[PDB]
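All remarks here apply to the structure that follows.
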Amino acid sequence: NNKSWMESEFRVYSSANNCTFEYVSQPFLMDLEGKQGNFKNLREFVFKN
Amino acid sequence: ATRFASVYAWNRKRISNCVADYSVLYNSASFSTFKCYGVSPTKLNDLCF
Ligand SMILES: *[C@@H]1O[C@H](CO)[C@@H](O)[C@H](O)[C@H]1NC(C)=O
Ligand SMILES: *[C@@H]1O[C@H](CO)[C@@H](O)[C@H](O)[C@H]1NC(C)=O
Ligand SMILES: *[C@@H]1O[C@H](CO)[C@@H](O)[C@H](O)[C@H]1NC(C)=O
């Protein structure tokens, strides 16, 4: 009906309590429409604590 | 701000991930009581946490 792709469900954690930190970036508009063909994005990350 | 919280229900706000200025704390000498324990009252702008 609504010709668009949008996130619907967040099923990561049931609840949170005694939290410590939270940060939210500015609003954006990413393209969630399915793309067919050879890969066009490669993202590399390194995490260390 | 215009309103504060109650003594028993003191409102706690977590300050972090933001650029901080402590000059206004002592520049405006409109506070009857201003006391820092374990931290220099005047050197608030020369400390990190
Ligand atoms: C389309 O968006 C409207 C507006 O929120 C919503 O009421 C409706 O349920 C949506 N339909 C579908 C199929 O997602
Ligand atoms: C993040 O997405 C979830 C699920 O769509 C939504 O409930 C929540 O309000 C969103 N948060 C922000 C800051 O957009
Ligand atoms: C939150 O967790 C920390 C880490 O164990 C603990 O020191 C603190 O007392 C907890 N706070 C509450 C309100 O449970």
Side-chain angles (χ1 to χ4, degrees), chain A, chain B residues 1-42 44-49:
Chain A
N1 169 26
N2 303 321
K3 203 73 169 59
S4 69
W5 302 62
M6 61 79 71
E7 184 267 346
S8 181
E9 314 176 346
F10 57 107
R11 312 267 182 77
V12 181
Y13 66 96
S14 59
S15 168
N17 57 307
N18 189 24
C19 177
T20 61
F21 183 88
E22 57 256 22
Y23 152 73
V24 64
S25 73
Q26 286 293 83
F28 296 120
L29 197 148
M30 283 73 74
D31 185 13
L32 279 70
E33 193 273 332
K35 307 187 172 64
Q36 317 83 34
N38 296 350
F39 288 114
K40 298 286 186 192
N41 279 24
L42 179 63
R43 307 221 67 180
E44 310 90 304
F45 309 86
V46 168
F47 316 119
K48 65 181 183 179
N49 195 31
Chain B
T2 64
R3 188 59 170 184
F4 265 48
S6 304
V7 64
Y8 79 109
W10 45 272
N11 278 21
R12 181 149 258 197
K13 191 178 184 301
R14 198 207 83 231
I15 303 292
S16 75
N17 65 58
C18 63
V19 188
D21 282 329
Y22 290 128
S23 301
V24 175
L25 302 195
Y26 55 88
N27 282 20
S28 167
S30 63
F31 313 94
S32 179
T33 287
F34 172 86
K35 38 182 179 156
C36 294
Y37 294 125
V39 160
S40 176
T42 58
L44 303 172
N45 277 79
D46 283 301
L47 293 153
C48 290
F49 283 94

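Ligands are counted one by one from 1 in listed order, and the atoms in each one are counted from 1 as well. Letters A, B, ... are given to chains in the order of the sequence lines, protein chains preceding strands, and every chain is numbered from 1. The figures that follow rest on heavy atoms only: side chains count, while hydrogens, waters and symmetry mates do not.
Residue B/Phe4 qualifies as open at atom CZ: its count of foreign heavy atoms under 6.0 Å is 12 or below. Summarising the local packing, CZ of A/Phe45 is surrounded by more than 12 heavy atoms from other residues, nucleotides or ligands at distances under 6.0 Å.
In this structure, atom 7 (O) of ligand 3 is not in close contact with the protein, since no protein heavy atom lies within 4.0 Å of it. Within a 4.0 Å radius of atom 2 (O) of ligand 2, the protein contributes at least one heavy atom.
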For this session: Test B/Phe31 against B/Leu25 for side-chain contact (heavy atoms from CB on, under 4.5 Å), laying out the working first.
Result: CA-CA 9 Å; B/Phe31 313 94; B/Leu25 302 195; 5.9 Å; no
Exercise. Are B/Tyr26 and B/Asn45 close enough, and set up right, to give a side-chain contact (heavy atoms from CB on, under 4.5 Å), and what steps lead you there?
Worked result: CA-CA 11 Å; B/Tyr26 55 88; B/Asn45 277 79; 3.8 Å; yes
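Protein heavy atom at the shortest distance from atom 10 (C) of ligand 3 is A/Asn18 ND2, 2.5 Å. When hydrogens are left out, the protein atom nearest atom 13 (C) of ligand 1 is A/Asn1 CB, 3.7 Å; that is the closest non-hydrogen contact. Summary of contacts: the protein heavy atom closest to atom 4 (C) of ligand 1 is A/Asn2 ND2, 4.7 Å.
Close approach to A/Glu7 involves these atoms of ligand 2, each under 4.0 Å from a residue heavy atom: 2 (O), 3 (C), 4 (C), 5 (O).
Within the 3.5 Å criterion, the main-chain N or O of A/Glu33 finds a donor-acceptor partner in the side chain of A/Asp31.
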